[PDB]
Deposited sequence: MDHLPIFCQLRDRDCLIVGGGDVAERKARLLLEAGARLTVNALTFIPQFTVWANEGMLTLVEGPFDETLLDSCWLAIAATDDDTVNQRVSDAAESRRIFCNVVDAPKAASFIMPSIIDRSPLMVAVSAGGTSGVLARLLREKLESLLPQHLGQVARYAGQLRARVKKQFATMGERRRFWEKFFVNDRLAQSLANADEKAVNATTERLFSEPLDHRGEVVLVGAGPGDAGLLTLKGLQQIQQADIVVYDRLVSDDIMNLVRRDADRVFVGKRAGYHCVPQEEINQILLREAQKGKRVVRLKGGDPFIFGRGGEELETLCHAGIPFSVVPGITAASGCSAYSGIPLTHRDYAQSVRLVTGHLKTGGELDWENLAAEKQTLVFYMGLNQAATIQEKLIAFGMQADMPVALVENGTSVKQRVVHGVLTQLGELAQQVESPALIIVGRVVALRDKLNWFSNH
């Protein structure tokens, strides 16, 4: 990230503003609302500063910039129209390892002053890095049209109850479950807004009275095929609240960037499923919200049922969040719909990597008016070409291979069935093989890109 947002406690900390015009005024206002001990150093001051100075809210130092005025400061702001002065200020601040904002020069400073949405104690800060004030001036408006009006009063009440919640609930999990119920009680929000303390307290006492479930849970979450935007809403909720997210190589890096930062991430890509099961098992037996994050959909060649049968055996709760399976994601992002008109009346999702014993039912797979989708079939692509041809599928059946479907690295190669073995040599795992007439739709429906 370009910047690290921090929320500074400025009470009783010296800050210096250099400059005395309307810009310094706006910054001085913010720093005063944060309770900073403020010194303003400028040649001239607009009348608001003398008003603030007369009320003892800051110190004016009339004159050119005084480097020494930084010696005890925690923040500095150069807010003059003189870029030469502003650089002297920045330089002085740098030597003293003081964070410094140059208002007219966001990239030149150290810190940047974001747009603020004040719903004290709830604070939301927005900045497009100062390079684009428009989006800050605009996303701030969007967020302001997002946060409920009385979110501050709910958050204020939450702060008043924090001590009591910490006393009555020993573990982080319990407190989290209380907070979850607390923040979605609409009646409580409204009783807070109405200053209806009878109602506040009734709802509150019942809240604390509720037994909390202490069981861990394992949620199987379909990551989707790679594009972070194809995680479902519920899947995002699950990984934004997980304590442990167990994931493999088929969960994209962009999906993993939506896993809350406080989650423990456990990589189980290359292991024996018997050890995965017990990793899920052990962490859920510890009471934690465990997410098994899997590429695609958990129940399509996912080994997902296998983990769950052991959790069920161990009395561990679990749910499943479906995901966009590789077939749907590749379909949408390659412009190859899995069904169309009468191109295809059925879709077959088939594994290539089959159990050591036995092979596929190739006569069955060679049936017309199907779209075939082979999962992990790359190494068997030649065998699939051979078999499909040999059980009667037309030699010129369009085939497409989608590598890293839905990601920026998506690559599509396509051709006819007789090219399948050769096409698969051009892509790598992870790749889907689509066989069927719908592949010819790519040329009218491809909206994504060409690698």
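Q: Comparing the deposited sequence with the modelled residues, which stretches have no C-alpha coordinates?
A: Counting from residue 1, the one stretch without coordinates is 271 to 276.
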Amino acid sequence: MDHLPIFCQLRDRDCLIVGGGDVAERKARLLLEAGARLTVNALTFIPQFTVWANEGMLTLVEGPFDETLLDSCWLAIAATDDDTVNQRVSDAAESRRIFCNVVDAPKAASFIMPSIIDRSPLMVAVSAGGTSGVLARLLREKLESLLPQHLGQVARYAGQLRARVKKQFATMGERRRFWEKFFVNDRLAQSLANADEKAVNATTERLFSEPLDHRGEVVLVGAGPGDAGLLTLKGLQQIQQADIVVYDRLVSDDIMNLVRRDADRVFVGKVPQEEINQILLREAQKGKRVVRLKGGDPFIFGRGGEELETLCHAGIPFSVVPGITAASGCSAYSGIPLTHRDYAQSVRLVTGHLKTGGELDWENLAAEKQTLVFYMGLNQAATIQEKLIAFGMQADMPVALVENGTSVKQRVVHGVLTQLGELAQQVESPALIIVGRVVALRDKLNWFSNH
From here on, numbers count along this sequence of modelled residues.
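Q: Can you let me know which of the two, 172 to 180 or 356 to 364, has the higher average C-alpha B-factor in the entry?
A: Comparing 172 to 180 with 356 to 364, the higher mean C-alpha B-factor belongs to 356 to 364.
Q: In the PDB record, does 438 to 446 or 17 to 25 carry the higher mean Cα temperature factor?
A: Taking the mean B-factor of the alpha carbons in each, 438 to 446 is higher.
Q: In terms of CA temperature factor as recorded, identify the highest of 238, 334, 371, 277.
A: Max CA B-factor in the entry, restricted to 238, 334, 371, 277: 277.
Q: Considering only 350, 326, 291, 138, which residue's Cα atom bears the greatest B-factor as recorded?
A: When the deposited C-alpha B-factors of 350, 326, 291, 138 are compared, 138 is largest.
Q: Can you work out whether the C-alpha temperature factor of residue 259 puts it in the lowest, middle or highest third of the chain?
A: Its C-alpha B-factor, which the entry lists for residue 259, ranks in the middle third among residues of this chain.
Q: Looking at the temperature factor on the CA atom of residue 382, which third of the chain's modelled residues does it land in?
A: For residue 382, whose C-alpha B-factor we compare with every modelled residue in the chain, the answer is the middle third.
Q: Against its chain's modelled residues, does residue 411's Cα B factor rank lowest, middle or highest third?
A: Middle third by C-alpha B-factor.
Q: Sorting the chain's CA B-factors, does residue 229 end up in the lowest, middle or highest third?
A: As the PDB entry reports it, the C-alpha B-factor of residue 229 lands in the lowest third of its chain.
Q: If you rank every modelled residue in this chain by C-alpha B factor, which third holds residue 59: lowest, middle or highest?
A: It falls in the middle third of the chain.
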